[PDB]
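Presented below is the structure to which this report refers.
Convention: sequence-line order gives letters A, B, ...; per-chain numbering from 1. Both backbone and side-chain heavy atoms feed into the values below; hydrogens, waters and symmetry mates do not.
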Amino acid sequence: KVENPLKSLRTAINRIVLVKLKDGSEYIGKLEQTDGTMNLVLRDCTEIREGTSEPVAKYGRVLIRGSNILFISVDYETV
Amino acid sequence: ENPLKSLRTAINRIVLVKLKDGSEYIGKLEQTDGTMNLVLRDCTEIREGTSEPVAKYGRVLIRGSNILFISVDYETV
Amino acid sequence: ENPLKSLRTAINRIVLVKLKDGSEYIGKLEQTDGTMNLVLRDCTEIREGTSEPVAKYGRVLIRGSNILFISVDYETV
Amino acid sequence: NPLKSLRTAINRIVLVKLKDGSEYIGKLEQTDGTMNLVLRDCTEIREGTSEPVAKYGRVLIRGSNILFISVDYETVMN
Amino acid sequence: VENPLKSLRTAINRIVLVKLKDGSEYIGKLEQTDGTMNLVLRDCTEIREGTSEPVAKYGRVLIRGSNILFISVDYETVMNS
Amino acid sequence: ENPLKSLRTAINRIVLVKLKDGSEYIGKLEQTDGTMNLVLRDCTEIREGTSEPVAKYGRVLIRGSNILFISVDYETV
Amino acid sequence: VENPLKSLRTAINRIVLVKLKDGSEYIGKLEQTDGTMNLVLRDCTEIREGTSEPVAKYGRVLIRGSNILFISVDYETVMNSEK
């Protein structure tokens, strides 16, 4: 079957991803929805700071605007 | 399962709207457009943690173009 | 529903406009537009947080793409 | 509608504020749907005053960078 | 009357001034423009507060119209004062 | 003759991506498309001149509209 | 005489300067171009303000036309002041 960047976004549904917006902020959540424009819907969204033991704020269920995203960590693994 | 009807399901509830400014706002969502244009009843700007209320704007119309994200169920307390 | 119809209901009233640079402007709304191009009267710039006019501009055509939000029902005084 | 309010001020002085917050005045000649303007005798005046900074002559201002345009400057004369 | 792009198109073979989004100004001799306000200038040099300096020569440059604040189409008349 | 068809010659290779943040990231390019969206494996953030990584993000989807330039083969050897 | 984007294609194999919106300048030898001003460069070297002194080597880069301020076509001869 096919493989394209945007399909790989659609395959990350129901798993834990990191989204980095353009302001430099990073939010971890359980990916639930996507679209072509990269509009995300996440569950248990938590802002984090790199370094640090992850969370610094919780936002619950969040609709993210694809226009403002820099990248998406498709399968975020803490090791 | 569209990312947008999740938004329009959140109408009549209290939402958090963050903008590129890092500016966060909280208010009862009334109306919603496909380009994520927003109207909020009782929209008070809140700093992050802080104190919360910073400025009370009443009913605001928010351009969708300038939004980072929207916490659709921001009765997260 | 439709968020921009909420803009045609503020005409001939005072509104507050937050622009992208963060500067705020009060004035009386006259005409509107699809691109949220606004025309205000007695428009005075006020500084972030306060109600103090630091500059008055009179009748002002505002470009819509540079607007953060519009406080539609700025009675709240 | 707004963009015909703009044409009211043809051959009259308007004030234009760009995204970087720099303000410019000059006599409006020509406009279009994206608010691309043409001004004569363009100057930088400094905010609050009408004391020039830089003269620029006839200028074409790209519309997307415009914060606002005060079409009825020159009545701020009063 | 009117069509802002036209005043740009009659400015060919003239000395113009371009203020870009980075906030810097340049002068040069205009040579090619299009509908997207893309500019081709000769003898381009960065520009200042008053008269006009030669801070940095960039020669023959193509200027992407999407990042231009404005263009002064008769700048020679200006620095002829 | 096409700038983008030089990008797809870099798949499975290590490239450097500088976002508009100025922030730069190295990683094995896996997937691309016409919008210059990229998928990197072992995406790590770097500071030019230094050896230590700023952050590890693993397999990353990079949105194409926020990229400055792609070093479509970082031969640092 | 002709059309801006096309004058960019007469600059293939030349040393050109590219300034991005952030303000950083890069020097390299132009390979491939398209309508949206997307570029491919060899010898891509970031140079410091106005000078011709290298600060970072990037080799072959695909540059996004969206983020360009300008392109100094044939930049080679424009190295009078130094080298």
Original post:
To the nearest 0.5 Å, how far apart are OG1 in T35(F) and CG in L6(A)?
Top reply: 8.0 Å
Original post:
Where on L19(F) is there a heavy atom nearer than 4.5 Å to chain A: the side chain, the backbone, both, or neither?
Top reply: side chain
Subject >> Closest contact, heavy atoms only, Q31(F) versus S8(A) >> reply: OE1-OG, 3.6 Å
Subject >> chain A contact via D21(F) - side chain, backbone, both or neither, heavy atoms under 4.5 Å >> reply: side chain
Original post:
Taking atom CZ of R8(F) as the centre, does the number of heavy atoms from other residues, nucleotides or ligands within less than 6.0 Å exceed 12?
Top reply: yes
Original post:
Going by heavy atoms in the side chains, are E30(F) and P5(A) under 4.5 Å from each other?
Top reply: no
**OP:** State, with a plain yes or no, whether a side-chain heavy atom of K56(F) is found less than 4.5 Å away from one of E50(A).
**Re:** no
Original post:
To the nearest 0.5 Å, what is the distance between CG (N66(F)) and OG (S67(A))?
Top reply: 8.0 Å
Subject >> Crowding at CD1, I14(F) (>12 non-hydrogen neighbours, <6.0 Å) >> reply: no
Original post:
How would you list, in number order, the residues of residues 69-79 of chain A that have a heavy atom less than 4.5 Å from chain F?
Top reply: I69(A), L70(A), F71(A), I72(A), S73(A), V74(A), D75(A), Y76(A)
Original post:
If you draw a 6.0 Å radius around CD1 in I48(A), do more than 12 non-hydrogen atoms from other residues or ligands fall strictly inside?
Top reply: yes
Subject >> Interface residue of largest heavy-atom contact number with chain F, from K22(A), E3(A), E26(A), under 4.5 Å >> reply: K22(A)
**OP:** Sort out for me which residue in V17(A), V19(A), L9(A) forms a side chain to side chain contact (heavy atoms under 4.5 Å, CB included) with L61(F).
**Re:** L9(A)
